[PDB]
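Colleague: The structure that follows is given in the form of structure tokens.
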Amino acid sequence: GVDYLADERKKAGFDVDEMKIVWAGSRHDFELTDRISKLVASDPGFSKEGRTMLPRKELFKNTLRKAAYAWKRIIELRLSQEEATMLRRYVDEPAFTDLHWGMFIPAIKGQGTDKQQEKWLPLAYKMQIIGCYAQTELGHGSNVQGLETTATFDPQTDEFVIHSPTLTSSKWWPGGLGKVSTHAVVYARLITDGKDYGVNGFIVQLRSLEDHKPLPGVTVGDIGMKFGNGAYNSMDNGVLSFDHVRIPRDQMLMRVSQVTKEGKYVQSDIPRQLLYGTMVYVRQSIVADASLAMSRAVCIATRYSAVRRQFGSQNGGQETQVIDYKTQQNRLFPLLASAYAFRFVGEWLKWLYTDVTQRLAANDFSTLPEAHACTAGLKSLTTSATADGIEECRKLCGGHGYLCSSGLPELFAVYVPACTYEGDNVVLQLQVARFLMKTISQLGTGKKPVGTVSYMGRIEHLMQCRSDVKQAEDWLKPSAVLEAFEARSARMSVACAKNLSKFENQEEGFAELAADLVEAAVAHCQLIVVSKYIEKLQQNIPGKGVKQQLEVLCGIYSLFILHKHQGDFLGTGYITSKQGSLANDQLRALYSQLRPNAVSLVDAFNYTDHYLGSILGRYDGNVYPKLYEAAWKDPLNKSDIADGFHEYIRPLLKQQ
Amino acid sequence: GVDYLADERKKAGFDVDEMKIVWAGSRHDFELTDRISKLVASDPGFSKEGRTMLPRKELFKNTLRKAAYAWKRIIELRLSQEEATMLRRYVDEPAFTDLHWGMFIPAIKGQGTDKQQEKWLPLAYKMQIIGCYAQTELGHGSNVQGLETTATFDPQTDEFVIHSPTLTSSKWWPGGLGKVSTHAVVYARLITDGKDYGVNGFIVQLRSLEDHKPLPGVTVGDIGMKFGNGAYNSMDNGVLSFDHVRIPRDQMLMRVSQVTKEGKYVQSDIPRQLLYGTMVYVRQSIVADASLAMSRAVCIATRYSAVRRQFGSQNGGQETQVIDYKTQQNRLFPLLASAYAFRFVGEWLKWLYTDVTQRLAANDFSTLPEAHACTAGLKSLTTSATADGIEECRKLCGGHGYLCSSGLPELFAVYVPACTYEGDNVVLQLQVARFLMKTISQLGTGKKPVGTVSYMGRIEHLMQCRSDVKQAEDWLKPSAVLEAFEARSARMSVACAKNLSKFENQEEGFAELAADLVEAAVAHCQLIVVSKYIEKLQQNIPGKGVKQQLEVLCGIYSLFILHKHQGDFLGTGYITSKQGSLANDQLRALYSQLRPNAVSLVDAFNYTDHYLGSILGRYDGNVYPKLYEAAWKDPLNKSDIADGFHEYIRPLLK
Ligand SMILES: Cc1cc2nc3c(=O)[nH]c(=O)nc-3n(C[C@H](O)[C@H](O)[C@H](O)COP(=O)(O)OP(=O)(O)OC[C@H]3O[C@@H](n4cnc5c(N)ncnc54)[C@H](O)[C@@H]3O)c2cc1C
Ligand SMILES: Cc1cc2nc3c(=O)[nH]c(=O)nc-3n(C[C@H](O)[C@H](O)[C@H](O)COP(=O)(O)OP(=O)(O)OC[C@H]3O[C@@H](n4cnc5c(N)ncnc54)[C@H](O)[C@@H]3O)c2cc1C
């Protein structure tokens, strides 16, 4: 087996082994990714062969099998929980285990009392119970405060009654609930003392532990097929309705709020703000996965673009690899750039998480709004860019990209729910907006802004500066780009606050000015990404030519963005046409330098073929023969005559 | 029997029946769509229940049966060609019949001598053969001049020998090829008399008519599974490979090029320019289909946005329909304006086809390079926007949009190939760019330009003019928007062209400025759309409030694009910030007007629930109970214990 990309690899002008380390985040991280990776990859029992053609029932049985087998490797190899996270990542199949570890345990941890965690967590850690997280209902997803499921305390019996008063209050979506889960944390409105104390979490057992039949009064099942072959279809997303299901009182999560023997709401010390610590963690984790999906898609389109030649024969010559084209470059390299950018904004959130929970331990709350907005904005930004980027990578692969065996169709189907869970992307950006608008109106009060909105403390200036770019290369110097993003955002937010303040009723004004508020929120998020990329570049970072390439990636991301939203900077006045053109010319230059390195830079993600499952992105570039061999395995190819043909088509050929 | 959307219907400020007419295109068009669609929709044999969950063997079987049942009704009802195309559209199921009618017949027709169309077309017209169109190879899609499949004439035997020299010469993608077609038009390099004469089409029998087994030399099958549940997996896209298959001399389509007994090449002396069939008609068709897909998505998402409520309870009241939100509006309404806009260009394209086939049949080839780019650029534009709006429409439906049974996942998976077949979108827009660059660099002559580039007969003016919008409503006036877009296109092209003349060789320069060129191409295309819209509004349009509703959508479309590409209006100097904002304020106002009509505007597409196959988009707005009943039909709900459980999960628990 030759490496048909050995020539593209040679052309690299940096140390891939160190790039690997940068992508991974640390030597520890890389060591762990690499060993768990290859260990998932070279094990018969984790094969994805055939997965896309299974009917839902065998797909699902097959998920269960892999789910069990993986648990068994976690045990037999004494992997830590960190390691087990990795192991499941590389198995690469949505399944209940994702929610049990991913949401059910974190909910108990964050919201159960000391006692509650002692009781429920050992069970969940050994999977003597399997739990999911039931919040969304038919009729409520984003608006959590409006859920209809009720939990009504019963003083006569020391139980809550969980009830679904209506069809639409039915739970709908929660993964692992359809078929697998034995228990759920069920969010419902607490009704006690004939008053509504709002939404809380209840640990409700859904099925008998002996035979897995649903308990009395509980109705549970799966909701239906979702988008794509395989994808989330291996996940049992559930509908769940309750008919006065009775639960003991100490099954309410009582960390923050509790209910006495007699009813009556009570509140502990231990601040409800403690929970904002878990926002940051989850959002971080989701931004991390954005860099993961973007990197997988970019890795396939890139390798495919180096191998795919089309046009540009010159006399008898080989045709031009499509990656040599500047239009292929203009759609592809910003996505590459984005994977490294979102990778780094990912690390910066790791830090932001440590900072917030350092402050949470001093009962320091001055930093929380900013932390919340910063994470909402970043989750939104990165999950759109990524969803849009994977469709773009498919398109960049031309017709072959439409084939399941290319890897991109699944990767898009699986990825896209990111845009709606743990916050609708657009709904999160109106939150970002409100906070910027808030941050602007507190200036009058003399309240000086911090973290990621510390730039808004310098508006007088940002309102009136002009870029001073004289040559394309100046767009390379960080202070030029950073200021350019700061100005844009300040100006856009200012323009919103001015526009907004003409409304007597502020709620009216948020409604009417929503589209622009979002446009402002986007600009701010973009600024966070760029400014963190620049911050990253001031770290050391070993390995020959590594930093240098990462600078190239920086420029591309921020200048791609600058061109896309070019009106934003020309509006306000911050840059002139010539200057916009100079940025355009420098992005063009940057594409030409990235070119030799694209394949090496996606080689840096260190993915196996098993994990990638793309014939178009095979490491060795042996694409076409693989696609040919692959077609000869579709069900239709079992014979030269399709079932149906003699019955329906033959008669008509001859007429009958 | 209750319509949850009546309160929205009653808010209409226009005659829906007459908007229906407009959408369809004429009372004749309308009476025809309406009768054939109810026909399909109300016939159990065209049901789509359960499709999406079928394994592939069974989905294919069921395709073959629908196809045959379709042919049986076309015949029993004495349907014409136009009605038959209609019927096949409302069956809503990609199938071989679509290449046979859509590409095999029109290629013979187009590229064959009269003598040849006389022996083949009757055969294909009664479906006594089943043809597909085999151009694309593993290694060559866009680049038709580099297909590797060869066609060597054997003088010693009066035959061409069609051969697949290499694995990557394998024919790959043609639908109807993989299992059903008995013949193909196979495109191959003509090797004759020792010289290579480029691509040509050859009628080749793929399979024994008596028993359907492949003929000696031929290798065919399906290529595998494609994006999305159902969608195109009901189509057998093929791979076909040849070991020197033999074929009579009269199976080369000998209309434009001929080959004589003794070998050797003669040309008909009948201008290969006649192939507007090959372009304007087909691209016309893809553009029409873009409006068709955009309108389905926008229809599901408008209805769903008027049913779904979330937030906005003030004192324990009802939550706000999401359709009242400015962000929903700004994501949804330009999509709705686009369907109407792309619908109207599509009309204008019929005109162009009739104008071009009048001219071609006559003696005038001059209008032709314009007709070519114009249509290329529109295929590109409308398909890109449509594939985007469909994904955007799914996002508009929130979590519920992720379910197959919202209708949207399929609609996206089956539409999106449009961006790649008959011309890759960016490749197509690189061609508009050449034509524009050509149109400039020719101006210094004398011979002023025409059609969709006559605006470049006035570059001098548009190189210097500047907007005089003094308030928001000014952007309503047709002259301001047109001039806004002509100024924009003219400037971008001039800038590209100026930038390019700086190169020693034009090819290197073209390679290098490619993104700026495409960017300029898209601008030229937006102008076309916008200006055909304006012209549409010069027409008699009957019915109360129809024309105003259309004016509103027209503004929406132009100003949404205006805001999105505001850099291009601002940077060239055309407008000032204030004017820019004024454009943004007017767009708001427009959303607010469109609001009460949004649901009636999509009612005017007149789609049945059967066609639309979306619970979220049900005419009657009864969404949630219907989702809930759908869930129970999934095979996982066939019992309470999943297969898998006791074998794998029970021991893990205990
Ligand atoms: C694959 C998948 C897995 C999931 N798994 C789980 C799970 O395990 N547990 C669980 O509890 N849930 C789960 N969910 C539910 C999910 O977490 C989200 O809560 C759900 O997708 C929220 O979407 P929605 O339908 O309510 O969007 P909506 O909020 O109803 O939004 C609908 C549309 O209206 C717009 N809109 C809504 N509000 C506003 C506003 N105020 N202003 C402007 N526009 C607005 C939105 O932008 C969107 O366009 C899952 C969902 C999916 C898709
Ligand atoms: C569903 C489907 C059905 C099809 N059915 C048929 C059929 O029935 N019959 C048939 O003959 N064919 C068929 N095809 C083939 C199809 O019509 C196209 O011709 C083919 O998909 C063209 O794309 P490609 O794969 O050649 O992309 P390529 O041209 O290889 O492009 C790959 C990438 O390279 C880029 N690129 C290529 N050239 C340039 C350039 N010069 N400048 C800048 N960028 C460039 C493209 O933009 C794209 O990003 C079908 C394809 C699909 C997806």
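We place every Cβ from the backbone using ideal geometry, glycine too, and count neighbours over all the protein chains shown. Each answer follows from the model by the rule given with it, or from the source it names; nothing here is a laboratory result.
Colleague: Looking at A:290, A:297, A:306, A:301 in this structure, which one is outside the structural domain of residue A:23 (by CATH) and either within 16 Å of ligand 1 (Cβ to nearest atom) or assigned to a loop (DSSP other than H, G, I, E, B) (or both)? Spell out the reasoning first.
Modeller: Working: A:297 fails: either within 16 Å of ligand 1 (Cβ to nearest atom) or assigned to a loop (DSSP other than H, G, I, E, B) (or both); A:306 fails: either within 16 Å of ligand 1 (Cβ to nearest atom) or assigned to a loop (DSSP other than H, G, I, E, B) (or both); A:301 fails: either within 16 Å of ligand 1 (Cβ to nearest atom) or assigned to a loop (DSSP other than H, G, I, E, B) (or both).
That would be A:290, the only listed residue that is outside the structural domain of residue A:23 (by CATH) and either within 16 Å of ligand 1 (Cβ to nearest atom) or assigned to a loop (DSSP other than H, G, I, E, B) (or both).
Colleague: Take residue A:585 and decide whether it is surrounded by fewer than 22 Cβ atoms within 10 Å (Cβ to Cβ), touching a helix residue (DSSP H, G or I) at 6+ places or on another chain (Cβ under 6 Å) and either farther than 30 Å from residue A:307 by Cα or touching a residue at least 12 places away in the same chain (Cβ under 8 Å) (or both). Full working, then the answer.
Modeller: On the way: surrounded by fewer than 22 Cβ atoms within 10 Å (Cβ to Cβ): yes; touching a helix residue (DSSP H, G or I) at 6+ places or on another chain (Cβ under 6 Å): yes; either farther than 30 Å from residue A:307 by Cα or touching a residue at least 12 places away in the same chain (Cβ under 8 Å) (or both): yes.
So residue A:585 fits the description; yes.
Colleague: Could you check residue A:164 against (1) in contact with an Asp or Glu (Cβ under 9 Å, 6 or more places away or on another chain); (2) within 14 Å of ligand 1 (Cβ to nearest atom) and say which number it fails?
Modeller: Failed condition: (2).
Colleague: Test residue B:426 against the criterion of being within 16 Å of ligand 2 (Cβ to nearest atom) and either within 14 Å of another protein chain (Cβ to nearest Cβ) or over 15 Å from the mean Cα position of the chain (by Cα) (or both), and give yes or no.
Modeller: Values: within 16 Å of ligand 2 (Cβ to nearest atom): yes; either within 14 Å of another protein chain (Cβ to nearest Cβ) or over 15 Å from the mean Cα position of the chain (by Cα) (or both): yes.
Judged against the criteria, residue B:426 is a match.
Colleague: In the list A:652, A:594, which residue meets the criterion of being touching a residue at least 12 places away in the same chain (Cβ under 8 Å) and either surrounded by 18 or more Cβ atoms within 10 Å (Cβ to Cβ) or touching a helix residue (DSSP H, G or I) at 6+ places or on another chain (Cβ under 7 Å) (or both)? Even if it seems obvious, please write down each step before you answer.
Modeller: Numbers: A:652 fails: touching a residue at least 12 places away in the same chain (Cβ under 8 Å).
None of the others qualify; the one that does is A:594.
Colleague: Let me ask something else. Which members of the range A:161-197 meet the condition of being more than 27 Å from residue A:417 (Cα to Cα) and either part of a strand (DSSP E or B) or touching a strand residue (DSSP E or B) at 6+ places or on another chain (Cβ under 7 Å) (or both)? Reasoning before the result, please.
Modeller: We begin by selecting, within the range A:161-197, every residue more than 27 Å from residue A:417 (Cα to Cα); these are A:161-163, A:165, A:190-197.
Listed by number, the residues that qualify are A:161, A:162, A:163, A:165, A:190, A:191, A:192, A:193, A:195, A:196, A:197.
Colleague: For residue A:354, indicate whether it is β-branched (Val, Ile, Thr), crowded, with 24+ Cβ neighbours inside 10 Å and closer than 24 Å to residue A:550 by Cβ.
Modeller: Values: β-branched (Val, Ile, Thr): yes; crowded, with 24+ Cβ neighbours inside 10 Å: no; closer than 24 Å to residue A:550 by Cβ: yes.
Against the criterion (β-branched (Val, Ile, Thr), crowded, with 24+ Cβ neighbours inside 10 Å and closer than 24 Å to residue A:550 by Cβ), residue A:354 does not qualify.
Colleague: Okay, moving on. So residue B:298 fits all but one of (1) under 18 Å from residue B:378 (Cα atoms); (2) more than 16 Å from ligand 2 (Cβ to nearest atom); what number is the exception?
Modeller: (1)
Let's see how each residue does on (1) touching a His at 6+ places or on another chain (Cβ under 8 Å); (2) within 17 Å of residue B:491 (Cα to Cα); (3) not basic (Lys, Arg):
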{"residue": "B:536", "(1), (2), (3)": "no, no, no"}
{"residue": "B:547", "(1), (2), (3)": "no, no, no"}
{"residue": "B:553", "(1), (2), (3)": "no, no, yes"}
{"residue": "B:558", "(1), (2), (3)": "no, no, yes"}
{"residue": "B:564", "(1), (2), (3)": "no, no, no"}
{"residue": "B:568", "(1), (2), (3)": "no, yes, yes"}
{"residue": "B:573", "(1), (2), (3)": "no, yes, yes"}
{"residue": "B:582", "(1), (2), (3)": "no, no, yes"}
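Colleague: Check every one of the helices (runs of 4 or more DSSP H) wholly within the range B:395-469 and list those with 2 or more residues that are away from ligand 1 (no atom under 16 Å from the Cβ) and surrounded by fewer than 16 Cβ atoms within 10 Å (Cβ to Cβ).
Modeller: On the way: elements: B:408-415, B:425-441, B:459-464.
Filter on the range B:395-469 gives B:425-441, B:459-464.
Colleague: If I filter the range A:183-198 down to residues being within 31 Å of the chain's Cα centre (by Cα) and within 14 Å of chain B (Cβ to nearest Cβ), which single residue comes out as farthest from ligand 1 (Cβ to nearest atom)?
Modeller: Of the range A:183-198, the ones within 31 Å of the chain's Cα centre (by Cα) are A:183-189, A:198.
Those still in the list that are within 14 Å of chain B (Cβ to nearest Cβ) too: A:183, A:189, A:198.
Working: A:183: 14, A:189: 15, A:198: 17 Å.
Looking at the filtered set, the residue picked out is A:198.
Colleague: Separate question: Select from the range B:510-523 the residues that are assigned to a helix (DSSP H, G or I) and either within 13 Å of chain A (Cβ to nearest Cβ) or within 19 Å of the chain's Cα centre (by Cα) (or both) and list them in ascending order. Even if it seems obvious, please write down each step before you answer.
Modeller: Residues of the range B:510-523 assigned to a helix (DSSP H, G or I): B:510-512, B:514-523.
Answer for the range B:510-523, where residues must be assigned to a helix (DSSP H, G or I) and either within 13 Å of chain A (Cβ to nearest Cβ) or within 19 Å of the chain's Cα centre (by Cα) (or both): B:510, B:511, B:512, B:514, B:515, B:516, B:517, B:518, B:519, B:520, B:521, B:522.
Colleague: Working only within the range B:387-420, note down all residues that are within 15 Å of ligand 2 (Cβ to nearest atom) and closer than 24 Å to residue B:611 by Cα.
Modeller: Within the range B:387-420, B:387, B:410, B:411, B:412, B:413, B:414, B:415, B:416, B:417, B:418, B:419 qualify.
Colleague: Given the condition near ligand 2 (Cβ under 9 Å from one of its atoms) and either outside the structural domain of residue B:102 (by CATH) or not hydrophobic (A, V, I, L, M, F, W, C) (or both), answer yes or no: does some residue in the range B:429-439 qualify? Before the answer, list the steps.
Modeller: Step one: of the range B:429-439, the residues near ligand 2 (Cβ under 9 Å from one of its atoms) are B:430.
If we keep only those that are either outside the structural domain of residue B:102 (by CATH) or not hydrophobic (A, V, I, L, M, F, W, C) (or both) too, we end up with B:430.
Within the range B:429-439, one or more residues are near ligand 2 (Cβ under 9 Å from one of its atoms) and either outside the structural domain of residue B:102 (by CATH) or not hydrophobic (A, V, I, L, M, F, W, C) (or both).
Colleague: A further question follows. Go through the range B:158-201 and give me each residue that's surrounded by fewer than 17 Cβ atoms within 10 Å (Cβ to Cβ), touching a residue at least 12 places away in the same chain (Cβ under 8 Å) and out of contact with any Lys or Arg (no Cβ under 6 Å at 6 or more places or on another chain).
Modeller: Listed by number, the residues that qualify are B:165, B:166, B:167, B:191, B:195, B:197, B:198, B:199.
Colleague: Considering only the range A:580-621, state which residues are within 11 Å of chain B (Cβ to nearest Cβ) and not in a helix (DSSP H, G or I).
Modeller: Selection gives A:615 alone.
The rows are residues; the columns are (1) in contact with a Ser or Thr (Cβ under 7 Å, 6 or more places away or on another chain); (2) more than 27 Å from residue B:589 (Cβ to Cβ).
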position: B:250; (1), (2): no, yes
position: B:270; (1), (2): no, yes
position: B:275; (1), (2): no, yes
position: B:301; (1), (2): no, no
position: B:306; (1), (2): no, no
position: B:315; (1), (2): no, yes
position: B:318; (1), (2): no, no
position: B:328; (1), (2): yes, no
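Colleague: Just to be sure I understand, how many residues within the range A:323-348 are closer than 13 Å to residue A:396 by Cβ and in contact (Cβ under 8 Å) with a residue 60 or more places away in the chain?
Modeller: First pass over the range A:323-348, keeping only residues closer than 13 Å to residue A:396 by Cβ: A:323, A:325, A:327-336.
Checking the rest, the ones that are also in contact (Cβ under 8 Å) with a residue 60 or more places away in the chain come to A:323, A:328-334, A:336.
Total satisfying the criteria: 9.
Colleague: To continue, here is another question. Is there any pair with a first residue in the range B:213-239 that is more than 14 Å from residue B:411 (Cα to Cα) and more than 7 Å from chain A (Cβ to nearest Cβ) and a second that is of a type in the set (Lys, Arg) and within 15 Å of ligand 2 (Cβ to nearest atom) whose Cβ atoms are under 7 Å apart and which are 6 or more apart or on different chains, and what are they?
Modeller: Qualifying pairs under 7 Å: B:238/B:171.
Colleague: Just checking, how many residues over the range B:286-322 are within 14 Å of another protein chain (Cβ to nearest Cβ) and farther than 17 Å from residue B:393 by Cα?
Modeller: The total comes to 11.
Colleague: Would you call residue A:257 buried (at least 23 other Cβ atoms within 10 Å of the Cβ), among the polar types (S, T, N, Q), away from ligand 1 (no atom under 16 Å from the Cβ) and more than 14 Å from every other protein chain (Cβ to nearest Cβ)? Talk me through it step by step, then tell me what you get.
Modeller: On the way: buried (at least 23 other Cβ atoms within 10 Å of the Cβ): no; among the polar types (S, T, N, Q): yes; away from ligand 1 (no atom under 16 Å from the Cβ): yes; more than 14 Å from every other protein chain (Cβ to nearest Cβ): yes.
No: the conditions fail for residue A:257.
Colleague: Here is a follow-up. In this structure, is residue B:180 over 29 Å from the mean Cα position of the chain (by Cα) and within 14 Å of chain A (Cβ to nearest Cβ)?
Modeller: On the way: over 29 Å from the mean Cα position of the chain (by Cα): no; within 14 Å of chain A (Cβ to nearest Cβ): yes.
Spelling it out, it is not the case that residue B:180 is over 29 Å from the mean Cα position of the chain (by Cα) and within 14 Å of chain A (Cβ to nearest Cβ).
Colleague: Let me ask something else. Of the residues A:547, A:633, which is basic (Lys, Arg), more than 8 Å from chain B (Cβ to nearest Cβ) and free of Cβ contacts under 8 Å to residues at least 24 places away in the same chain? Before you say what the answer is, go through the steps one by one.
Modeller: Numbers: A:633 fails: more than 8 Å from chain B (Cβ to nearest Cβ).
Within the list A:547, A:633, the selection yields A:547.
Colleague: Could you list, in sequence order, the residues of the range A:384-419 that are hydroxyl-bearing (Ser, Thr, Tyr) and within 8 Å of chain B (Cβ to nearest Cβ)?
Modeller: To start, the set of residues in the range A:384-419 that are hydroxyl-bearing (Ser, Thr, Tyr) comprises A:384, A:386, A:402, A:405-406, A:415.
Selection gives A:402, A:405.
Colleague: So, one more: All but one of (1) assigned by CATH to the domain that holds residue A:188; (2) touching a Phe, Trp or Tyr at 6+ places or on another chain (Cβ under 7 Å); (3) more than 30 Å from residue A:166 (Cα to Cα) hold for residue A:320, so report the exception by its number.
Modeller: Tallying (1) assigned by CATH to the domain that holds residue A:188; (2) touching a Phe, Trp or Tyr at 6+ places or on another chain (Cβ under 7 Å); (3) more than 30 Å from residue A:166 (Cα to Cα), residue A:320 fails exactly one: (1).
Colleague: With (1) out of contact with any helix residue (DSSP H, G or I) (no Cβ under 9 Å at 6 or more places or on another chain); (2) assigned to a helix (DSSP H, G or I); (3) within 14 Å of chain A (Cβ to nearest Cβ) as the list, and residue B:328 as the residue in question, which single condition is left unmet?
Modeller: (1)
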